[PDB]
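Residue indices begin at 1 and follow the sequence shown. In what follows, every heavy atom counts, from backbone to side chain, and hydrogens, waters and symmetry copies are set aside. Just follow the structure's listing: the first ligand is 1, and inside any ligand the first atom is 1.
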Amino acid sequence: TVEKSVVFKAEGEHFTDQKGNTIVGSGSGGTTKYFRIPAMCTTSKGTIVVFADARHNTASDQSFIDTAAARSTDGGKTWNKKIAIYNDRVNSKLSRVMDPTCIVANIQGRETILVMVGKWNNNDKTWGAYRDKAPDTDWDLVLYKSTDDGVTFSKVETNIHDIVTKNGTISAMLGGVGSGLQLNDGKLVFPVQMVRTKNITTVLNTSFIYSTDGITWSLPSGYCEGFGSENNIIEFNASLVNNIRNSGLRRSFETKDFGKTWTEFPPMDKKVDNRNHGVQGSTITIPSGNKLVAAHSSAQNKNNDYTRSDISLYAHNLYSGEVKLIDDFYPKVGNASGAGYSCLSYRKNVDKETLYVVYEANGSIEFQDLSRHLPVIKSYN
Ligand SMILES: CC(=O)N[C@H]1[C@H]([C@H](O)[C@H](O)CO)OC(C(=O)O)=C[C@@H]1O
């Protein structure tokens, strides 16, 4: 409901910690240096909540990171900002909570926003390098919830570290990045990515965790293949269908038996090319009369490298398999330090439909209202 705004400004934000002290980052004036990995959830009140890594010192994945949250009640025009989740502060160089996935859901009648992030403290290498232990002792996956429309967040005591430990073949697990979903039966579903222990031949796999209450979670028995593992899931006739990052063409599989076996989903499989290395992308459904349409954002990556230019919106005809570029909403070369991620959010509140996007823009997170494209996306079925 603004057409375009900056949510978090690289070298332009100041945050305080739990005691009220400023967090002196490496940006000019001690600001947070860089923002990455935006996740957006919109509530039934019309409130927009945006999470992102506040990477205080560098754009690097292995650095000092807190999860920042921004809340807008005026359609994305102004943003109220704070830290939603603080890292443990064991190591000032490496302690981090990162890569948010959010869900807005009604759980037993209460509208709740959930945010899940991975947490590390002493690991100095990329998470894919730690495959000895089940799970890695430095890792954890933490879940916070808000029941007051995004204003306060508190930690949820979960059985997630236990189901991973009981599985015995997973070194670490992370959300798929962006947003999860609530199924038509009420269950919460987080798409997940997992690094398997060193003896499993596949390093990475994709799957999901599910819960009825947000507290006790379960893993299905099967695994989808991994590719670039960041992924989202959509519900389509109670198949669950994911859409996975891959170097080159994105992949899409379907489960008809709730996570026991996955087979390629032709309407979305290999339809968008993100070229070299791959990028995270956001995929959601939009109802169109009694049919569904899948809306998707990811980078065109015209330079075929880490600059991941041209973050675009696509519509996927779930019936015919046709794909159409609806809008290249950020038609710029990104910063190779960390670029190209995005998150879509669609909501219809009473009779008002909104389609919003948040994305990485040279270290900052930008917001755009894309609702003007809904007629065109809704026609693709
Ligand atoms: C936890 C973590 O490392 N996440 C990072 C992810 C990961 O490194 C890669 O998917 C290999 O596993 O890569 C990137 C990236 O811009 O490509 C950003 C994420 O923050």
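Residues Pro220 and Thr255 fail the side-chain proximity criterion, which asks for heavy atoms closer than 4.5 Å.
Proximity to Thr126 (heavy-atom distance under 4.0 Å) selects the following atoms of ligand 1: 8 (O). When each atom of ligand 1 is checked for a heavy atom of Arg245 under 4.0 Å away, the hits are 10 (O), 15 (C), 17 (O).
Within 6.0 Å of the NZ atom in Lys4, the count of heavy atoms belonging to other residues, nucleotides or ligands exceeds 12. No more than 12 heavy atoms of other residues, nucleotides or ligands sit less than 6.0 Å from atom NZ of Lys332. Within a 6.0 Å radius of NZ in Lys93, no more than 12 heavy atoms belonging to other residues, nucleotides or ligands are found. By the 6.0 Å contact criterion, NZ on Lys77 is enclosed, its count of non-hydrogen atoms from other residues, nucleotides or ligands being greater than 12.
The proximity of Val279 to ligand 1, defined as any non-hydrogen pair under 4.0 Å, does not occur for either the backbone or the side chain. Proximity of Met98 to ligand 1, defined as any heavy-atom pair under 4.0 Å, is confined to the side chain (atoms from C-beta onward). Only the side chain of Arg308 comes within 4.0 Å of ligand 1, counting heavy atoms alone; its backbone N, CA, C and O stay farther away. Looking at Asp99 against ligand 1, only its side chain comes within 4.0 Å, counting heavy atoms.
In terms of protein heavy atoms, atom 12 (O) of ligand 1 is closest to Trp127 NE1, 3.1 Å. Scanning all protein heavy atoms for the shortest distance to atom 5 (C) of ligand 1 gives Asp61 OD2, 3.5 Å. Scanning all protein heavy atoms for the shortest distance to atom 6 (C) of ligand 1 gives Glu230 OE2, 3.9 Å.
Between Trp120 and ligand 1, a contact under 3.5 Å exists for no N or O pair. Annotation: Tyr341 places an N or O atom under 3.5 Å from an N or O atom of ligand 1; distance criterion only.
Rounding to the nearest 0.5 Å places OG1 of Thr16 at 8.0 Å from CD1 of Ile83.
Nearest-residue assignment for atom 16 (O) of ligand 1 (options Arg55, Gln280, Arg36; heavy-atom criterion): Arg36.
Classification of the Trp79-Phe367 ring pair by plane angle, with boundaries at 30° and 60°, yields perpendicular.
When atom types are taken as modelled, the side chain of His14 and the backbone of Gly29 share a donor-acceptor pair closer than 3.5 angstrom.
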